[PDB]
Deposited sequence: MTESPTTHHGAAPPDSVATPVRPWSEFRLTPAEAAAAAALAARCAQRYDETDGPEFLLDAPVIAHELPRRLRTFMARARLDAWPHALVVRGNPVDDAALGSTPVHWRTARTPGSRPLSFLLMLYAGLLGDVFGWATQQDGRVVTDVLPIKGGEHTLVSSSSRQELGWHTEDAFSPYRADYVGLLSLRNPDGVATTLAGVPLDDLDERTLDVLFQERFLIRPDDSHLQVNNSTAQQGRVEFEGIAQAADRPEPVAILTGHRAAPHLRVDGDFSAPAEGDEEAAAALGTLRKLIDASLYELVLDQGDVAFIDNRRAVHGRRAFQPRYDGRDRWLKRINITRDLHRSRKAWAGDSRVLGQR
């Protein structure tokens, strides 16, 4: 038994999916281009039927923290070395796999990026950056990436975060936890449902973590003057979750809120579990049901470091209309 839902491709299914992604990579200039963004969800209809059935059904299940698809082939020789920075990470060897991620994602929802993260790319990169080992972003290594709701600070945060493992030779675990409903007392639960918490943008939205405009103003506003929000929403018997283990704080001087958040931190720490994304595995983490992070690891810096492609997915792009930054697919 697992807290996520898992699908394993047969070799024939995996080869068919790879061939579809390869054909897309031949026919379109880039994954993030307007043309492929529009076409991917319809092209995805040509993926193996058993996979389409899994994605359609598993998304509607009440319980999973993630949907995990195993068994996509990745040839390290074709892939080439792990890039030294996300800027240079759109390598030809990784290009078909980026298209593949986009196709799988298009079965689940509308993909988007952030003006203030990796130059507004929709398909982004997770890899260790030398000098960045002890940061709070996904290019860390030696310091554990603490558990978080992705883009907790924002009302426009993803419903699902997709991760495709290009390589992970040493088996470094992603971490996950759901709401600790078996342990939260009613009074604590009640407080977590009230708008008594602060949650600021994480460091990935800082200018220092993009390349050499206006959307950074909103990040500054969210950091300097966060509005109180709830941590839990929806059904008390199955809440949705919005929290950042580093950055969540109580509203100013609200000691009851503080106690509830402290209790939540302890209970999530105690229930955190591991999911290892081996080479070729894809996970779609349910960003309303679960927090996620990544274990500490010693980076290699020898060309074979752990490397993921990543994508944000919303069920409804129109929900973020306000934040459409001169187009609907890059937000700020």
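Participant: What portions of the deposited sequence, indexed from 1, have no corresponding C-alpha atom in the structure?
Facilitator: Deposited residues absent from the model fall in 1 to 20, 233 to 236, 357 to 358.
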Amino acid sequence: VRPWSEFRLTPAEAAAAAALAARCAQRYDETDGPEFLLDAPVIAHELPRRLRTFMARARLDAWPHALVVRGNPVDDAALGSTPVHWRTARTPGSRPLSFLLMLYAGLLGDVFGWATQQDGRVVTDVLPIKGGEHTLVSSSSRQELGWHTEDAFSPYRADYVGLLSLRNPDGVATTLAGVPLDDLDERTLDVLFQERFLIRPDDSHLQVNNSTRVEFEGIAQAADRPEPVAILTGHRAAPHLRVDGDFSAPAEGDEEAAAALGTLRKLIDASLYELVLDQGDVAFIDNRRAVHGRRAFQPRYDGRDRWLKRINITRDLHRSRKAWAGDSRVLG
From here on, numbers count along this sequence of modelled residues.
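Participant: Please compare 102 to 110 with 234 to 242 and say which has the higher mean C-alpha temperature factor in the record.
Facilitator: Of 234 to 242 and 102 to 110, the stretch with the higher C-alpha B-factor average is 234 to 242.
Participant: Can you let me know which of the two, 79 to 87 or 128 to 136, has the higher average C-alpha B-factor in the entry?
Facilitator: It is 128 to 136 that shows the higher mean C-alpha B-factor.
Participant: Please pick out which of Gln207, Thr188, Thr149, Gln143 has the largest Cα B-factor as recorded in the entry.
Facilitator: Among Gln207, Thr188, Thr149, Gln143, the highest C-alpha B-factor in the entry belongs to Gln207.
Participant: In this PDB entry, which of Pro299, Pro64, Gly33, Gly280 has the top CA B-factor?
Facilitator: Of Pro299, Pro64, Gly33, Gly280, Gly33 has the highest C-alpha B-factor.
Participant: Once the chain's modelled residues are ordered by C-alpha B factor and cut into thirds, is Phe284 in the lowest, middle or highest one?
Facilitator: It belongs to the lowest third of the chain when residues are ordered by C-alpha B-factor.
Participant: Pull the Cα B-factor of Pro201 out of the PDB entry and bin it into the chain's lowest, middle or highest third.
Facilitator: For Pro201, the deposited C-alpha B-factor lands in the highest third.
Participant: Within this chain, which third does the Cα B-factor at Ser154 fall in: lowest, middle or highest?
Facilitator: Ranked within chain, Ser154 CA B lands in the middle tercile.
Participant: What third of its chain, lowest, middle or highest, does the C-alpha temperature factor of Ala173 fall into?
Facilitator: Tercile = lowest for this residue's CA B-factor.
Participant: Can you tell me which third, lowest, middle or highest, the CA B-factor of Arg27 falls into for its chain?
Facilitator: Tercile = highest for this residue's CA B-factor.
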